[PDB]
Amino acid sequence: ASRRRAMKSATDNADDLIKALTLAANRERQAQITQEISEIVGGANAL
Amino acid sequence: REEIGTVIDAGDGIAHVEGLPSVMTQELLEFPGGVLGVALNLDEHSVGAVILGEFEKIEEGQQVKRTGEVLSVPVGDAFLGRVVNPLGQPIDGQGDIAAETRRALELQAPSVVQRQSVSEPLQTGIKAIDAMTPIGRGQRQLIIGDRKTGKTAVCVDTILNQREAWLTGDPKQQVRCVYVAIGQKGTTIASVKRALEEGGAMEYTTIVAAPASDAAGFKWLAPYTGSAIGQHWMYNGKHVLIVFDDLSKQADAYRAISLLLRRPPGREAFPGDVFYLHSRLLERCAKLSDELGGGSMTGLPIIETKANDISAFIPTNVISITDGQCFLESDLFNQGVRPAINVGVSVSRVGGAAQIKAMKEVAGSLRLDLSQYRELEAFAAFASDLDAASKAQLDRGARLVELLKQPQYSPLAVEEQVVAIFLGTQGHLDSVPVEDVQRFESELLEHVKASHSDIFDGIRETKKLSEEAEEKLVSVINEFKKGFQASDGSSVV
Amino acid sequence: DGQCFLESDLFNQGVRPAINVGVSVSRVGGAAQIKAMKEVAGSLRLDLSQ
Amino acid sequence: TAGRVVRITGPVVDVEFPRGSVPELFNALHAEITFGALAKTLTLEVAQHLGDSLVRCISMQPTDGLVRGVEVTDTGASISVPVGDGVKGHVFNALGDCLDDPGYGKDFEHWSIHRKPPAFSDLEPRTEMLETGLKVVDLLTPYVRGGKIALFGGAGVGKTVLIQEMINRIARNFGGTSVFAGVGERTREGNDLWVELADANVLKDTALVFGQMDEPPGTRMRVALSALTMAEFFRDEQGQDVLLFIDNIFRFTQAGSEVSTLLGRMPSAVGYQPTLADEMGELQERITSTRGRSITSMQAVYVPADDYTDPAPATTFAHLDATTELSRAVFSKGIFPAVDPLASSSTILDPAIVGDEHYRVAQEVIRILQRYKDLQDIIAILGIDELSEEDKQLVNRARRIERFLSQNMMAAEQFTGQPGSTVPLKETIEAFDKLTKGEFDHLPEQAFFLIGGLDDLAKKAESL
Ligand SMILES: Nc1ncnc2c1ncn2[C@@H]1O[C@H](COP(=O)(O)OP(=O)(O)OP(=O)(O)O)[C@@H](O)[C@H]1O
Ligand SMILES: Nc1ncnc2c1ncn2[C@@H]1O[C@H](COP(=O)(O)OP(=O)(O)O)[C@@H](O)[C@H]1O
Ligand SMILES: [Mg+2]
Ligand SMILES: [Mg+2]
């Protein structure tokens with residue numbers, strides 16, 4: 257019984273960690289996209 | 028008489044010409060030494076032009092003449108069994124090609140009122156997609172994945188599967204084949220041509236190729252000439268299948284040629300209009316109505332992706348454009364599944380009306396236990412404690428997933444595919460070691476071609492199965508099961 | 350022709366030199382060393398990495 | 008007709024000519040530096056045509072000390088290099104000047120350096136086999152005679168030592184001729200390689216040419232063309248099997264990048280030039296060997312920032328066959344051959360071409376390694392006891408497999424202090440079949456480290 261309870265708690269602890277990691281990855285990807293597009297447009301219009 | 032200009036600039040395959048007040052857009056131009064050019068950017072001062080062919084033969088004193096022609100290509104019916112560059116010249120030394128008509132590359136696609144529904148089978152040799160995601164005439168399917176997964180093998184197998192259909196003289200079943208090779212190594216072109224030739228299918232197919240050495244911009248417009256070649260037959264009540272080896276390199280070439288001149292860059296330095304190019308290229312394939320003649324064209328594009336990033340610009344655009352999708356995972360390829368195709372996500376959006384009714388019956392049963400095995404794979408460790416139904420589902424899923432894999436350069440007939448799938452889904456795989464599952468059935472299949480070939484003829488004629496057919500099959504199965512010897516001992520039911 | 354990597358984690362951990370043997374190499378290797386050191390030392394770097 | 012310089016800015020120069028005397032593309036021009044401290048003869052290569060009869064040119068050697076108004080002389084032809092069999096056995100400059108002795112071979116025949124690739128009709132596939140004596144290469148990524156071979160990996164992985172080992176393994180006892188080129192390499196390596204070649208008896212039949220990192224960008228994108236010119240002459244005229252060695256071809260691309268900004272070309276996604284693919288394709292097409300003649304070319308490429316999604320390596324992957332890949336994790340965990348078995352493959356492997364036992368063994372071992380990887384991903388945290396007997400058996404077998412996959416090497420014996428060895432192909436396949444069977448489970452993994460063959464396995468196991 258204790259094993260059942262602990263394993264359930266472990267799953268309920270893992271899911272939200274997955275969600276937070278997904279959010280962080282998404283914001284990082286958006287920041288990267290903005291960074292390279294800004295760099296390329298600046299290099300292009302610097303001429 | 029004709030207007031003549033000069034040259035003001037030259038570099039990186041770009042030339043600027045001052046003059047030619049009457050020039051029209053996308054008009055082919057002539058340069059000394061037999062050099063071809065294309066006008067692509069007009070202006071009041073001068074006009075830009077990309078250089079076709081020789082480059083280093085350009086200076087500031089050359090004279091320019093206009094051909095008074097927009098764009099065209101000989102589209103005769105003698106191109107079968109020949110290799111041709113995108114412009115139209117034959118690469119081989121076999122000699123020139125007789126031609127009958129000249130058509131442009133910028134014709135309008137058939138309208139809405141000229142369309143028609145799709146119900147024809149368009150069978151292929153790969154049993155992994157026929158029963159999973161049907162493909163029909165005039166329908167667009169895409170294959171996506173990583174490098175070294177095996178997509179070109181599937182392409183060539185589909186190409187060479189049409190031998191039996193071409194054998195008959197019926198013009199209502201013959202299918203022409205067009206292959207476009209873009210930005211590849213010449214040795215690979217030679218190898219695939221040799222494979223087709225030894226397969227005997229070179230008599231009804233054509234190849235247009237542009238190797239990696241074509242810096243002239245030939246990589247920009249190879250699919251256009253391929254589609255122009257196909258359309259002449261497709262307007263004559265004849266069925267054509269066209270394959271594009273790759274499209275990412277086409278986009279890269281367009282991006283480079285745009286960046287070389289002045290073009291505002293968007294995401295990833297891509298030029299202003301990329302989606303429009305692929306849309307207008309891929310909207311030519313269509314099943315015409317009965318009034319127009321009934322011809323059809325079926326296209327197959329190819330896209331390469333990095334690190335399974337299906338969220339990039341070009342893959343997203345192509346997925347939005349296309350009509351059906353198939354996915355290949357390198358992890359599955361390393362796992363041991365030769366058809367790395369992933370049944371989890373690949374979906375064809377047609378209604379399943381293309382396929383024939385028997386395989387329509389069996390695919391529904393296949394889907395359920397495929398999903399059951401996919402979901403119940405985690406309990407392999409504690410399989411003893413599970414329920415009998417769960418164990419049966421797991422074993423059936425294992426046998427099924429073992430059944431699908433096939434070796435390359437081995438197309439399968441539709442009767443053979445139907446028989447194999449029916450044998451798999453009726454529980455006849457019980458009491459059989461999994462490994463021998465790959466072997467046994469094949470040998471069994473051969474026996475059917477030896478003494479009981481009438482079943483294939485009945486399936487051909489009726490497109491269905493009868494009670495006498497199924498009882499004959501079960502009798503034959505019971506006969507052969509005892510004859511076959513297992514690799515480890517023996518066991519029968 | 351050679352790199353030495355120092356990470357703050359090892360320095361915090363309690364290793365005063367604070368250098369990791371995993372990604373520190375030398376092109377010349379045993380040629381520079383005196384011979385006696387060459388026989389005494391041996392392939393200690395590989396043992397440490399293992 | 009001389010013309011004059013108008014602008015000087017870094018490596019790029021701007022020249023003007025009288026009307027009608029504008030030189031064609033890819034020509035060569037001469038300029039003089041009169042300063043006492045540094046006297047040179049600048050050679051300029053025209054690369055951009057402009058209006059008003061002005062031309063943008065690139066420099067070949069550093070341009071410090073030049074001024075305005077200096078006249079320029081036109082050659083009227085592209086750069087040319089000496090040819091013939093009388094050049095081998097000497098070290099040459101990028102322009103062909105002999106380092107060992109100036110004014111040597113200047114009477115030889117010299118011809119063009121820029122030519123078109125051959126026609127498609129003469130092309131022909133080449134399927135063959137050649138032994139190497141290395142466990143990984145002979146099993147997973149077999150090579151081929153007359154094809155192309157490349158070595159991929161990041162910085163600080165051990166590419167140069169593998170190149171030296173390969174030349175020691177193959178160039179020795181070879182019937183034909185070998186040509187080696189050095190692009191953007193460490194000068195110490197060039198010197199010690201020259202000394203090592205002089206030590207043996209192969210320098211009498213080898214031609215060396217290379218430019219160093221200290222040279223301006225003009226040189227870093229021209230030496231490969233000279234090497235290809237020499238190889239093409241030898242293949243076309245004398246007609247024997249030849250070997251070609253190129254190091255860090257990626258530097259060539261870098262040579263363009265800076266000039267791409269000076270010439271006014273807009274930048275690409277990662278600051279690259281917009282037209283890299285065309286030039287690299289022209290080079291790789293020039294590499295090709297037609298039927299009736301053989302060229303065995305081996306190259307090494309450098310992965311920037313350990314990222315495989317960079318635009319440049321994609322074209323290298325496209326123009327290739329039978330490649331090898333070096334990773335960083337195996338180097339970190341102390342495995343000298345840094346090849347990654349799960350990211351390298353060869354085209355030649357085929358049950359019809361090579362055989363069935365070889366194919367089945369390779370499939371079994373790669374599947375076992377994949378299973379070990381995705382099992383370790385969880386066992387690293389949940390512990391060993393979380394799995395069944397079969398999983399633990401597979402993990403142990405895989406551990407022994409990656410331990411045994413390493414070997415001792417010729418050129419690296421000084422670091423280990425013990426000379427290496429080579430192994431036959433049949434012994435390798437039999438030993439790996441036995442390992443897949445599961446017989447060596449009674450031995451410790453430490454016996455499998457840095458071993459060669461099976462008798463050495465027995466001796467080392469009995470030593471403990
Ligand atoms: N069904 C199959 N059975 C066995 N081997 C296969 C099968 N399909 C492909 N292969 C092999 O897998 C490899 C993939 O070759 P292929 O050129 O088709 O790959 P790809 O994913 O299209 O990559 P690319 O076009 O970049 O080379 C080849 O060695 C081929 O022989
Ligand atoms: N078999 C080996 N034995 C010992 N050291 C090796 C071996 N292979 C590689 N190395 C190490 O790799 C280094 C050489 O790396 P190098 O080829 O210069 O990297 P890069 O090609 O990125 O410049 C040497 O310092 C050497 O210690
Ligand atoms: Mg392929
Ligand atoms: Mg190195």
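Protein chains in written order, with the entry's author numbering: chain G, 257 to 303; chain B, 28 to 520; chain A, 350 to 399; chain D, 8 to 471.
The beta carbon of each residue, even a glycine, is placed where N, CA and C say it ideally should be.
Item to complete: Would you verify that the beta carbon of residue 359 of chain A is, or is not, closer than 8 angstroms to some beta carbon of chain D?
Response: The residue labelled residue 359 of chain A in the question sits at position 10 within the third sequence. For residue 359 of chain A, the answer is no, since every Cβ of chain D falls outside 8 angstroms of its Cβ.
Worksheet entry | C-alpha distance - residue 153 of chain D paired with residue 231 of chain B, whole-angstrom precision | Position 146 of the fourth sequence holds residue 153 of chain D. Position 204 of the second sequence holds residue 231 of chain B. Answer to the nearest angstrom: the Cα atoms are 33 angstroms apart.
Worksheet item: From what residue to what residue does the alpha helix (DSSP H) around residue 476 of chain B run?
Response: Sequence index remark: in the second sequence, residue 476 of chain B carries index 449 (1-based). First-last of the alpha helix (DSSP H) with residue 476 of chain B: 461-478.
Discussion item. Starting from residue 444 of chain B, trace the alpha helix (DSSP H) in both directions and tell me its first and last residue.
Written reply: Along the second sequence, read from residue 1 onward, the residue named residue 444 of chain B stands at position 417. It spans 441-452 - the alpha helix (DSSP H) in which residue 444 of chain B sits, taken as one unbroken run.
Item to complete: Consult DSSP for residue 164 of chain D and reduce its assignment to one of helix, strand or coil.
Response: Numbered from its first residue, the fourth sequence carries residue 164 of chain D at position 157. Correct three-state label for residue 164 of chain D: coil.
Discussion item. Counting only C-beta atoms, is residue 287 of chain G closer than 8 angstroms to chain D at any point?
Written reply: In the first sequence, residue 287 of chain G corresponds to position 31, counting from 1. Chain D contact via Cβ: absent.
Practice prompt. Could you tell me if the beta carbon of residue 160 of chain B falls within a distance shorter than 7 angstroms of some heavy atom in ligand 1?
Written response: Sequence index remark: in the second sequence, residue 160 of chain B carries index 133 (1-based). False, no ligand heavy atom lies under 7 angstroms from that Cβ.
Worksheet entry | Minimum Cβ-Cβ distance from residue 425 of chain B to chain G less than 8 angstroms | Position 398 of the second sequence, counted from the start, is the residue given in the question as residue 425 of chain B. Not one chain G Cβ lies under 8 angstroms of residue 425 of chain B.
Discussion item. At the 8 angstroms Cβ level, is residue 322 of chain A part of the contact set with chain D, yes or no?
Written reply: Coverage of chain A is limited to positions 350 through 399, which leaves residue 322 of chain A absent and any answer about it impossible.
Worksheet item: Anyone know if the C-beta pair for residue 445 of chain B and residue 385 of chain B falls short of 8 angstroms?
Response: Against the second sequence, residue 445 of chain B aligns to sequence position 418. Against the second sequence, residue 385 of chain B aligns to sequence position 358. For residue 445 of chain B and residue 385 of chain B, yes; Cβs fall inside 8 angstroms.
Worksheet entry | Proximity of residue 40 of chain B and residue 210 of chain B at Cβ, strictly below 8 angstroms | Start at 1 with the first residue of the second sequence, and residue 40 of chain B comes out as number 13. Start at 1 with the first residue of the second sequence, and residue 210 of chain B comes out as number 183. Result no, Cβ atoms of residue 40 of chain B and residue 210 of chain B do not sit closer than 8 angstroms.
Worksheet item: Mapping DSSP to helix, strand and coil, what is residue 184 of chain D?
Response: Within the fourth sequence, numbered from 1, the residue matching residue 184 of chain D stands at position 177. Three-state DSSP puts residue 184 of chain D in a strand.
Discussion item. Quick check on DSSP: helix, strand or coil for residue 454 of chain D?
Written reply: As a position in the fourth sequence, residue 454 of chain D is number 447, starting the count at 1. Of the three classes helix, strand and coil, the one that applies to residue 454 of chain D here is helix, per DSSP.
Worksheet item: With distances taken from CA atoms, which of B:118, B:337, B:31, B:67 is nearest residue 127 of chain D?
Response: Position 120 of the fourth sequence holds residue 127 of chain D. Closest option to residue 127 of chain D, Cα to Cα, is B:118.
Discussion item. At the 8 angstroms Cβ level, is residue 266 of chain G part of the contact set with chain B, yes or no?
Written reply: As a position in the first sequence, residue 266 of chain G is number 10, starting the count at 1. It does not; no Cβ of chain B falls within 8 angstroms.
Discussion item. Could you check if residue 276 of chain B belongs to the surroundings of ligand 3, using beta carbon to heavy atom distance under 7 angstroms?
Written reply: Position 249 of the second sequence, counted from the first residue, corresponds to residue 276 of chain B. False, no ligand heavy atom lies under 7 angstroms from that Cβ.
Practice prompt. Show which residues of chain D have a CB atom less than 9 angstroms away from the CB atom of residue 296 of chain B.
Written response: On the second sequence, residue 296 of chain B is found 269 positions in, with the first residue counted as 1. Within 9 angstroms Cβ-Cβ: 273, 274, 275, 276, 281.
Fill in: Heavy atom of ligand 3 within 7 angstroms of residue 185 of chain B beta-carbon
Translated into positions along the second sequence, residue 185 of chain B becomes position 158. No, ligand 3 has no heavy atom inside 7 angstroms of this Cβ.
Fill in: DSSP state of residue 182 of chain B mapped onto helix, strand, coil
Taking the second sequence and counting its residues from 1, one reaches residue 182 of chain B at position 155. Helix at residue 182 of chain B.
Item to complete: Output yes if chain D places a C-beta closer than 8 angstroms to the C-beta of residue 338 of chain B; else output no.
Response: The residue given as residue 338 of chain B occupies position 311 in the second sequence. Cβ-Cβ to chain D under 8 angstroms: no for residue 338 of chain B.
Discussion item. Along the chain, where does the beta strand (DSSP E) containing residue 168 of chain B start, and where does it finish?
Written reply: Numbered from its first residue, the second sequence carries residue 168 of chain B at position 141. Segment 168-172, the beta strand (DSSP E) holding residue 168 of chain B.
Discussion item. Against chain A, which members of the segment 179-200 of chain D pass a CB distance test of less than 8 angstroms?
Written reply: 193, 195
Worksheet item: Who are the neighbours of residue 74 of chain D on chain B, taking C-beta pairs under 9 angstroms?
Response: Translated into the one-based positions of the fourth sequence, residue 74 of chain D becomes position 67. Within chain B, no residue comes near residue 74 of chain D; the closest Cβ sits about 27 angstroms away, beyond 9 angstroms.
Worksheet item: Can a CB atom of chain D be found closer than 8 angstroms to the CB of residue 382 of chain A?
Response: Locating residue 382 of chain A in the third sequence gives position 33, counting from the first residue. No, no contact with chain D.
Item to complete: Return helix, strand or coil for residue 129 of chain B, following the three-state DSSP convention.
Response: Position 102 of the second sequence, counting from 1, holds the residue named residue 129 of chain B. Strand at residue 129 of chain B.
Worksheet entry | residue 159 of chain D CB to nearest heavy atom of ligand 2 below 7 angstroms | By one-based count along the fourth sequence, residue 159 of chain D stands at place 152. For ligand 2, not one heavy atom lies less than 7 angstroms from the Cβ of residue 159 of chain D.
Discussion item. If you measure between the beta carbons of residue 161 of chain D and residue 313 of chain D, is that distance less than 8 angstroms?
Written reply: Indexing the fourth sequence from 1 puts residue 161 of chain D at position 154. Indexing the fourth sequence from 1 puts residue 313 of chain D at position 306. Closer than 8 angstroms, so yes.
Discussion item. Given the structure, does residue 41 of chain D come close to ligand 3, in the sense that its CB is under 7 angstroms from one of the ligand's heavy atoms?
Written reply: Along the fourth sequence, read from residue 1 onward, the residue named residue 41 of chain D stands at position 34. Residue 41 of chain D Cβ: outside cutoff for every heavy atom of ligand 3.
Worksheet item: Given that a residue counts as buried once 16 or more other Cβ atoms are within 10 Å of its Cβ, and exposed if not, what is residue 65 of chain B?
Response: Locating residue 65 of chain B in the second sequence gives position 38, where the first residue counts as 1. With 16 or more other Cβ atoms within 10 Å, it is buried.
Item to complete: Report the residue from B:413, B:77, B:440, B:424 whose alpha carbon sits nearest the alpha carbon of residue 451 of chain B.
Response: The residue given as residue 451 of chain B occupies position 424 in the second sequence. It is B:424 whose Cα lies nearest to the Cα of residue 451 of chain B.
Item to complete: Look up residue 64 of chain B in the DSSP assignment and give the residues it is bridged to.
Response: Locating residue 64 of chain B in the second sequence gives position 37, where the first residue counts as 1. Partner(s): B:56, B:78.
Discussion item. Would the segment 347-360 of chain D count as touching the segment 327-339 of chain D if we require 3 or more Cβ pairs under 8 angstroms?
Written reply: Yes, since at least three Cβ pairs between the segment 347-360 of chain D and the segment 327-339 of chain D fall closer than 8 angstroms, the two stretches touch.
Worksheet item: Around ligand 4, which residues pass a check of Cβ closer than 6 angstroms to any of its heavy atoms?
Response: D:166, D:167
Worksheet entry | Proximity to residue 187 of chain B [Cα-Cα], best of B:150, B:169, B:162, B:330 | Here residue 187 of chain B refers to the residue found at position 160 of the second sequence. Residue B:150 is the option with its Cα nearest to residue 187 of chain B.
Worksheet item: Where residue 208 of chain B and residue 39 of chain D are concerned, what is the direct C-alpha to C-alpha distance, given to the nearest angstrom?
Response: Residue 208 of chain B sits at position 181 when you count from the first residue of the second sequence. Residue 39 of chain D sits at position 32 when you count from the first residue of the fourth sequence. Roughly 50 angstroms separates the two Cα atoms.
Worksheet item: What number of angstroms, rounded off, separates the C-alpha of residue 301 of chain D from the C-alpha of residue 151 of chain D?
Response: By one-based count along the fourth sequence, residue 301 of chain D stands at place 294. By one-based count along the fourth sequence, residue 151 of chain D stands at place 144. Rounded to whole angstroms, residue 301 of chain D to residue 151 of chain D spans 11 angstroms at the Cα level.
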